[PDB]
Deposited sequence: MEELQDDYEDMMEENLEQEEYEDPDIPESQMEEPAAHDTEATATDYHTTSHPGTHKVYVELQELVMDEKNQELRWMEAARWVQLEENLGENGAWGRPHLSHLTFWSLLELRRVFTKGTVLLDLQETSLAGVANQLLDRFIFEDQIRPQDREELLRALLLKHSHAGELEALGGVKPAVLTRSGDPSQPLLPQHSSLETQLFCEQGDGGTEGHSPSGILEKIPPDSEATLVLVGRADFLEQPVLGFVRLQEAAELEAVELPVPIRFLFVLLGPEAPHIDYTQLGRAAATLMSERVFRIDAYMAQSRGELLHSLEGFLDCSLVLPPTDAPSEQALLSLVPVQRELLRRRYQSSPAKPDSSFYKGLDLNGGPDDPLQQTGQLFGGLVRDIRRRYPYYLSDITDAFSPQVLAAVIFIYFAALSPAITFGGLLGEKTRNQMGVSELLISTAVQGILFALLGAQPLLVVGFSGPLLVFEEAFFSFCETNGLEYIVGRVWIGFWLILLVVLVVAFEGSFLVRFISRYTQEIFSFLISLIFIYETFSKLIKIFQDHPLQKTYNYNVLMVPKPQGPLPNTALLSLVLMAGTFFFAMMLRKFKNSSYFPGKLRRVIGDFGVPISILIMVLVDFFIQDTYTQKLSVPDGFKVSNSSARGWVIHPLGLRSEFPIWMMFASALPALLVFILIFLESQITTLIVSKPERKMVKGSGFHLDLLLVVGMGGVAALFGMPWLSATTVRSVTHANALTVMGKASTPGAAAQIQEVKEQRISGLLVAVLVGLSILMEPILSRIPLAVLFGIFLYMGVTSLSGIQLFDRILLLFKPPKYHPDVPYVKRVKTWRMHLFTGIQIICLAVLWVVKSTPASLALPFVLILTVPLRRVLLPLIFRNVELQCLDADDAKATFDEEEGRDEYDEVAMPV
């Protein structure tokens, strides 16, 4: 897949010839209740970040791009990616770095009197130019140099960010409604409670912990030895929907206490009807758009392309490791082209560009993975699950009575479950656990039995340094430099590590498919 042919669009055609022969199985293989449970899981796992990022974007951009634009863009891009992409298991959605770039670009446009939405239109115009030239010259062949080192650093860091944000949301809930001796019994509720309320933070913590506990217990019950095997596996596959339903009913039967619920817009309309329409004029909405910003948009477009490229390509690498039993192939050239082109086209309509998010795609792949008698057996590689997820995300506006009764705390527990379960296949997470284990308890794996224990701990500590450096950069105003610092791990692995490690040590520690050299 990563071979450089030398033919124009050669990788794109081979990606088209690799996956599209399997198109018939991509519909038939989804005829199992495990796929339906995965659909229910990924619907919330994609809808809640969409709503949160849409609200944040609307607040930070004066509703030029809000919840409705993000929902519609997510639905349309997910549908078109599932129906056409070479790796349907990816989930296309908005991410944190994209939000940071949106804030930076809105600040820059507010400084220089530029129209934000038109600048985004021109950035999306320059996005399509870059990805086409990249696919033409097979620029997606450089992803063969992202070894398990960078993949696991990126995945572990993103999982830690997800867990940290999940806990910080509960911290914010406890800050909004602190535990007091006395409260005001008549506090305005519209739009949100203007003052602290009793029993709110504690019930939110209870619901979040209960959802996480039920999800983990049902995940254990899946591998357990209780009940008939078919019924047990059916119930275990539906662990997240069962936990969500249980905690939603629990909160529903407590009428008096206020808990924050899911909020969806009234209709499929623009978030600011006085700012923009559905189509944004490239020459300007109110004022004549400057000619120089049409050419000056290339550099922000370059940064956006770098962000989306790194995110989507590393996500494709992670979800398509050979050890996950992916026997249907993944197309690096086709998926990048579809994602960046859809982002550029959606820019023309004032809608966000999206990327293959790591946590959502990993959770989708995990929910579609069948376990043998501890051992990965097969993966439900099909297009129906992502298509139904995107359709439901689009229909979220229509199903407000169902969503209005779902507390955010339940979804916080689901987020924590996703974050802790995304650490399964990471060898960096395994080698971090070996820091707190005596050497006699280490499992029999190639990086243990052919590398000295202190050498392995030094190798893990070097990655921990990289994780700390990346985490500090995230919490700084220069958090858009994360892709370049992440790329800087590749010279570290392929240049500096051979200066202090032997070939057999690096082969055991940094292996393409967990092989003993």
| item | value |
| --- | --- |
| Stretches with no C-alpha atoms in the model, relative to the deposited sequence starting at 1 | 1-370, 744-750, 895-911 |
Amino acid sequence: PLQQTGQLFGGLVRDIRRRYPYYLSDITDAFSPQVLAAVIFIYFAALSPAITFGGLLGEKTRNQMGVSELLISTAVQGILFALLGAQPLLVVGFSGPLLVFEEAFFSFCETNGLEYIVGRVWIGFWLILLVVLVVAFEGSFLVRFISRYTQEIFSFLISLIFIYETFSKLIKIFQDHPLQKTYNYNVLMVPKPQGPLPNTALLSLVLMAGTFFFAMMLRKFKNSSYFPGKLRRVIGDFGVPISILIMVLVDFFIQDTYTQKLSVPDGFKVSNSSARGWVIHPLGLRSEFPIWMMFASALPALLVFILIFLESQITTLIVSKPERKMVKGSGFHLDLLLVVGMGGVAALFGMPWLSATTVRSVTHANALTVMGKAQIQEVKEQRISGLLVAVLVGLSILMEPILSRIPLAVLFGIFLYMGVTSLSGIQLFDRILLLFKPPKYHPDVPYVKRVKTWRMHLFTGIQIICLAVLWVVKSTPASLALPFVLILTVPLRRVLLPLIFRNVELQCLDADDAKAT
From here on, numbers count along this sequence of modelled residues.
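Between two forms, the rigid core is defined as the largest C-alpha subset superposing within 1.5 Å.
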{"query": "Greatest C-alpha divergence in 9 other deposited structures of this protein once each structure is fitted on the rigid core, 184-192 or 301-309", "finding": "184-192"}
